[PDB]
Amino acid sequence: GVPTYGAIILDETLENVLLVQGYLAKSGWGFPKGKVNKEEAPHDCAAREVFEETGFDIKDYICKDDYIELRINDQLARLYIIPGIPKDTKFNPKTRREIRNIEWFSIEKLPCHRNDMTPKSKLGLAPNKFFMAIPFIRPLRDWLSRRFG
């Protein structure tokens, strides 16, 4: 799979994260990210996708070693961690045919797993609108504890 790059943007309190909501197959909430182009460096792809999806340019804030990377079904997703972005920042996608909405969410209120359906004796997981964000929540919480405390 082609790697994806993007960002976990946090505000100044470190309480909130910026998620974006797409359409159709991308209809839920997720971190801003997208597919790397031929010959494009990871940091440039992260900045490009985030600027396309949010209108906010992270290029001056990216730290090379500060990211969470996950491999999910054989596709690598790396999100650079970008703290301290004011909550009154005006975010606007370039792409509103791709992005429905852009919101801050409390990190502590976000799920870090899906819920099963053990009440119904049925296998699998209940739908959750944060499903794409979910895999990064626990690693982010652990990263913030280690880096800031």
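Note that residue numbering follows the sequence shown and begins at 1.
For the two regions 60 to 68 and 36 to 44, the entry's Cα B-factors average higher over 36 to 44.
Among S106, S121, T54, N101, the highest C-alpha B-factor recorded in the PDB entry belongs to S121. In the deposited entry, the Cα temperature factor of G28 sits in the middle third of values across the chain's modelled residues. Sort the modelled residues of the chain by CA B factor and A7 lands in the lowest third. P93: CA B factor lies in the highest third for its chain, per the PDB record.
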